[PDB]
Amino acid sequence: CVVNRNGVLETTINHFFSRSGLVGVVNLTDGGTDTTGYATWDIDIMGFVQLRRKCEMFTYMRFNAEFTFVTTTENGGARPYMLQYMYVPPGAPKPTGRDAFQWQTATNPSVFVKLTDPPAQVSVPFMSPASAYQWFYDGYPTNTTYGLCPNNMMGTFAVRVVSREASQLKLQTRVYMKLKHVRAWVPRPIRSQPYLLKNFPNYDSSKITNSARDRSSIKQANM
Amino acid sequence: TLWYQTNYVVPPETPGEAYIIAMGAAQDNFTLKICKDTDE
Amino acid sequence: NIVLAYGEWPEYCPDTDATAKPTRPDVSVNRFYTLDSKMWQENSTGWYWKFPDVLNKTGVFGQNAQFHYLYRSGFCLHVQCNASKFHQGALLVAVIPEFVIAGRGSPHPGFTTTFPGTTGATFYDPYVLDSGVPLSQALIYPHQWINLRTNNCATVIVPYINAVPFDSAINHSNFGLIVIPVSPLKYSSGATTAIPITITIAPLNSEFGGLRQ
Amino acid sequence: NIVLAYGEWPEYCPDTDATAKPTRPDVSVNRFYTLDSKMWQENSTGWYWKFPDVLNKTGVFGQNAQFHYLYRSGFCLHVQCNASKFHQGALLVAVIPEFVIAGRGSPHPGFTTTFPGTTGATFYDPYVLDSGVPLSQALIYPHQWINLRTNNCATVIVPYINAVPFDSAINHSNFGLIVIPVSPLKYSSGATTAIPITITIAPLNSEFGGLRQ
Amino acid sequence: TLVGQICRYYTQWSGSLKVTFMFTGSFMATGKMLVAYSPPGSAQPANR
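Residues numbered from 1 in each chain as written, not as in the entry; some residues may be left out. Chains lettered and ligands numbered in written order. Part of a larger assembly, values for the part shown. Heavy atoms only, no water.

Q: Describe in detail the overall build of chain A, supporting the description with residues and values.
A: Of the regular secondary structure elements, chain A holds one helix and eight strands. In chain A, the succession of α and β elements from N to C terminus is β-β-α-β-β-β-β-β-β. Against the 2.2 N^0.38 benchmark of 17 Å for 223 residues, chain A shows a C-alpha radius of gyration of 22 Å, more extended than a compact globule. Looking at chain A residue by residue over its 223 residues, the buried ones come to 39%. (Helix = DSSP H or I, 4+ residues; strand = E, 2+ residues; numbered from the N terminus. Rg over C-alpha atoms; globule rule 2.2 N^0.38 Å. Buried < 20%, exposed > 50% of the residue type's maximum accessible area, 1.4 Å probe, protein only.)

Have a look at this one:
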């Protein structure tokens, strides 16, 4: 039915990673003494198996990232409370409490945006000591030490409500990551086996799932 | 020396033993000095 | 004839910092290193060799890559099997950069499983390349078929592929050389059961920086 | 391709005395004389043919060399064996000038042992060439190997080598053609046991002087 | 050999040599060999 050719602008390596999707959800639950009042989130893209399967088609990747924080309350009614979205660069210590001294360090760039405002958007550059992110490392950093590369660290965010005397909110931050200026160098086949762990390629060899669904005989094309 | 790198591969109905014969001579810069009778 | 990995003809490092300096060794290290011949049978299941792990503790390259903490080199790989006109089968000879052995059973692999040495280890599940990644799509890598009714040799020339222009030759292994029989070996009764597979490695443009002891 | 004995391309006699005179026969005598085919087996041990004894009493050359008391000629020798690709072995085809059969047992050899005729005799001890002289050094002579996995034919072109430019073709035999299997013949069960070895002789520049009867 | 019998005369000798191998198997057979020469200071190798 289709006679013409489609567009080649939509198959490129920058449009395949273009749109921003959900990458992580954290919860604060401020209020009282037994509750913490803060919530950190290590930046990683291998959290959800839909972005993990797309980025493990390649070995070396180089990109920027811009973030957007959609915070609501537990029900939805947002009264104006001032928040703080900090950023701990790799090599700096994470906060230990809602009133610790890591919140006032001037080298951690924080963002002060209320609940009633549009969501706080900010951009993070290429933060690796190498010249490309590696998602497959065949070596040791010197059992559980094989295949770990510390050149993929990007940072945390540590959401916190700015107040004095323990407001009783229960918030929920949703983080949306957009990949910009994407460059991918060497390709590799897409994974067929289901995932077992988050940082390792383990695949549960006791049941090898097949890459093609079965049919009756080899001589019938109807499947 | 003379080492086996890969084992001796034959098709069916072909004998499995063979032989190598070794040869040897001197090059152009080979010279000789003071004469002497041989020891048979 | 030859397969050229990503169309590069590997070269030396251009104008990098922290080197004025690294030694460029002569043909004392760039000779032909012939490893052992692996016997391919009916129930055989594949092999893999890690680079430059197969040339550590071996000759001049072993005495240089163990006493230097920078390393950059490209290789020339020559896999050849000697079969008659009465045997049949096919081999897939590919070069996988950053080839990570997974680990099986729902459990991380040992040291000799991922760094096998000169005697390269054998696959347990060649259908998923022991990494959950199918052999059906493993022709992305620079590959060459060894079909026993057409050819016997396969030559792949691999450059240096890494995000850092100098690493250590002991901790990090850049790529792996798989040889997997896709079609099994069959022969009539009376022929030679095992067919050898010999591999010759010649380093092209090796560099070493910073000497120890 | 061809082995040329001592690099000569044999010619006629230059300006000798007592010939003004000798007849130079045409291609009626310079045709291709094909002798019998000798069957080479597992326990075979070699053969030798004396020249020009093998072409006495045979054709036009027999009627000329028996009725002339001077003789000078050079030959072209073509030894060829017909084997399949399942047989194996090697032959040493050499040309020995003034090849003297010794005699064994601490006892002179007979007439048919040293002058065998067209059916050339077989060796008793090929390791010492039946003359106390080892086969290990018998590659001084103009030789060519017939290895059954490489070639089948061997061509040697021999000039006239003698201290006198004219002798009798009946009493004196100038050289001998040995064919000795250095490596024995082996074959799997079912193949042809005996492999023939055929020899073709073409005289080049024959001369005869002085006619009888 | 010929080079080794004319030097049971001639007390001293010095020069280069060569050693030629040839194989006498069937045309169908296939294999490999390694031909290694050690210098005169060292013994023969114990491994390939």
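Picking up where we left off.
Q: If you had to explain the overall build of chain B to someone new, which residues and values would you point to?
A: Scanning chain B from terminus to terminus reveals zero helices and three strands. Scanning chain B from its N terminus toward the C terminus, one meets helices and strands in the order β-β-β. Each of the three principal axes of chain B carries a C-alpha extent, and together these read 55 × 25 × 15 Å.

Q: Run through empty space enclosed by the protein, naming residues and quoting values.
A: Within this model, the largest cavity holds a volume of roughly 30 Å³. Its residues assigned to classes, the lining of the largest cavity shows five nonpolar, one polar and no charged. (1 Å grid on protein atoms, 1.4 Å probe; cavity = no way out; pocket = protein on both sides within 12 Å on 5 of 7 lines; lining within 4 Å. Points joined across faces, edges and corners; volume = space filled by probe spheres on them. Nonpolar A, V, L, I, M, F, W, Y, C, P; charged D, E, K, R; others polar.)

Q: Account for the nonpolar core, naming residues and giving values.
A: Counting 37 residues, the largest nonpolar core has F51, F61 and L77 of chain C as its most contacted members. Once you skip the residues sitting within four places of it in the chain, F61 of chain C turns out to touch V29, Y33, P52, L55, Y71, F75 and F208 of chain C. Within the second largest apolar cluster, 36 residues are counted, among which are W49, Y71, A154 and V179 of chain D. (Core = buried A, V, L, I, M, F, W, Y, C linked by side-chain atoms within 4.5 Å. Contact = heavy atoms within 4.5 Å.)

Q: Talk me through the interface of chain A and chain C; I want residue IDs and the actual numbers.
A: Across the boundary between the two partners, chain A contributes 33 residues, which contact 38 residues of chain C. Together, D138, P189 and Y203 of chain A form the three largest contributors to the area buried by chain A at its contact with chain C, with a combined 22%. Where chain A meets chain C, there are one salt bridge. A salt bridge links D138 of chain A to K50 of chain C, with the nearest nitrogen and oxygen atoms 3.3 Å apart. Viewed at the interface, chain C and chain A are joined by 18 residue pairs in polar contact. Looking at the side of chain A that touches chain C residue by residue, the classes come out as 16 nonpolar, 13 polar and four charged. (Buried area = accessible area lost by both parts, 1.4 Å probe. Salt bridge = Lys/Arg side-chain N within 4 Å of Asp/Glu carboxyl O. Polar contact = N/O pair within 3.5 Å; in protein donor to acceptor, adjacent residues only side chain to side chain.)

Q: Outline the pairing of strand β6 (residues 75-81) of chain C, supporting the account with residue identities and numerical values.
A: Residues and elements named next belong to chain C. Of the two faces of β6, only the one carrying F75, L77, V79 and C81 is buried; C76, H78 and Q80 on the other face are not. Sheet topology places β6 next to strand β9 (residues 153-158); six bridges connect them, and they run antiparallel. By the bridge assignment, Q80 is partnered in β9 with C153. Here seven bridges tie β6 to strand β11 (residues 195-203), and the two strands are oriented antiparallel to one another. Along β11, the bridge assignment pairs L77 with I201. (Pairing = 2+ DSSP bridges.)

Q: Break down the sheet that holds strand β4 (residues 83-84) of chain A for me, citing the residues and quoting the values.
A: Residue and element names in this part refer to chain A. Strands sit in the order β2-β7-β4 across an open sheet of three strands; the sheet is antiparallel. The open sheet has two edge strands, β2 (38-39) and β4, and neither has a second partner. One ladder, built from two bridges, connects β2 with strand β7 (residues 159-161); its direction is antiparallel. Within β7, the position partnered with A39 by the bridge is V159.

Q: Could you give an account of the interface of chain B and chain E, with specific residues and numbers?
A: The interface of chain B with chain E comprises 33 residues on the first partner and 37 residues on the second. With both sides pooled, the region where chain B packs onto chain E buries about 3,400 Å², and carbon together with sulfur makes up 60% of that total. For the chain B face of the interface with chain E, the top three residues by lost area are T1, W3 and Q5 of chain B, together amounting to 19%. Linking chain B with chain E are zero salt bridges.

Q: Please give an account of the arrangement of the chains that cites residues and values.
A: In this structure chain A stays clear of chain D, and the shortest span between their C-alpha atoms is 41 Å. With no contact between them, chain C and chain D keep their nearest C-alpha atoms 11 Å apart.

Q: Kindly report on the pattern of salt bridges, identifying the contributing residues and their values.
A: All names here are of chain A. Using the criterion set out here, one finds eight salt bridges over all chains in the structure. With a shortest N-O distance of 2.6 Å, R98 and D30 are connected by a salt bridge. Highlighted residues: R98 in the loop between β4 and β5 (120-124) and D30 in the loop between β1 (21-27) and β2, separated in sequence by 68 residues. There is no split in this pair, since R98 and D30 are both buried. One salt bridge connects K178 with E66, and the closest N-O pair in it is separated by 3.8 Å.

Q: Which residues make up the side chain of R191 of chain A, and what are the values?
A: Topologically, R191 of chain A is positioned in the segment after β8 (172-184). The buried charged residue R191 of chain A lacks any salt bridge partner; its closest oppositely charged side chain belongs to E56 of chain A, at an N-O distance of 5.6 Å. Polar contacts involving the side chain of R191 of chain A include one to the main-chain carbonyl oxygen of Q193 of chain A, which spans 3.0 Å. Residues in contact with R191 of chain A, not counting those within four places in the same chain, are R53, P201, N202 and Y203 of chain A together with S131 and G132 of chain C. (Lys, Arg positive; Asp, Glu negative; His and termini not counted.)

Q: Hey, could you go over the environment of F101 of chain A for me, with residue numbers and the actual values?
A: Residues and elements named next belong to chain A. Tracing the chain through its elements places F101 in the loop between β4 and β5. Overall, the relative accessible area of 63% leaves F101 in the exposed class. C-alpha of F101 to C-alpha of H15: the two residues are 86 residues apart in sequence and 42 Å apart in space.

Q: Mind laying out a nonpolar patch on the surface, listing which residues take part and the relevant values?
A: Together, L2, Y4 and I20 of chain B together with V19, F21, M33 and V35 of chain E make up a nonpolar patch on the protein surface, roughly 680 Å² of accessible area in all. With respect to the secondary-structure elements, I20 of chain B resides in strand β2 (residues 20-26). (Patch = residues over 30% accessible without salt bridge, like charges linked within 9 Å, V, L, I, M, F, W, Y side chains within 5 Å. Areas by Shrake-Rupley, 256 points an atom, 1.4 Å probe, with all protein chains shown as cover.)

Q: Can you tell me about the sheet that holds strand β4 (residues 47-51) of chain C, naming the residues and giving the values?
A: Residue and element names in this part refer to chain C. In spatial order, the strands read β4-β10-β7-β8; together these four strands make up an open sheet with antiparallel pairing. The open sheet is flanked by β4 and β8 (143-147), the only strands paired with a single partner. Looking at each pair of strands side by side, their axes are set apart by 15° on average, direction ignored. Where β4 meets strand β10 (residues 175-186), five bridges bridge the pair, whose relative direction is antiparallel. Residue pairing in the sheet places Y48 in a bridge with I178 of β10. (Axes fitted to C-alpha atoms, helices over the stretch in contact; angles between N-to-C directions.)

Q: How would you explain unusual backbone geometry if you had to name every residue and give the values?
A: Residue and element names in this part refer to chain C. Cis geometry marks the peptide bond from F51 to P52, where omega comes out at 0°. In this fold, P52 is placed in the loop between β4 and α1 (59-65). Phi at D130 takes a positive value of approximately 55°, unusual for a residue other than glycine. Tracing the backbone shows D130 in the loop between α2 (111-114) and β8.

Q: Outline the packing of aromatic side chains, listing residues and values.
A: Residues and elements named next belong to chain A. Scanning the model with the defined rule gives 33 aromatic pairs over all chains in all. Here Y87 and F157 contribute two aromatic rings whose centre-to-centre distance is 5.7 Å and whose plane-to-plane angle is 50°, an arrangement assigned as tilted. Measuring from centroid to centroid gives 5.4 Å for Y140 and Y146, while their planes differ by 55°, and the two rings are tilted. The exposure classification of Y140 matches that of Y146, with both residues buried. A cation sits over an aromatic face here: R62 above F126, 4.3 Å from the ring centre. Over the ring of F136 we find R188; its NZ or CZ atom is 4.5 Å from the centre of that ring. (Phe/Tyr/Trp six-rings, centres within 6.5 Å; stacked < 30°, edge-to-face > 60°. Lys NZ or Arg CZ within 6 Å of the ring centre and 35° of its normal.)

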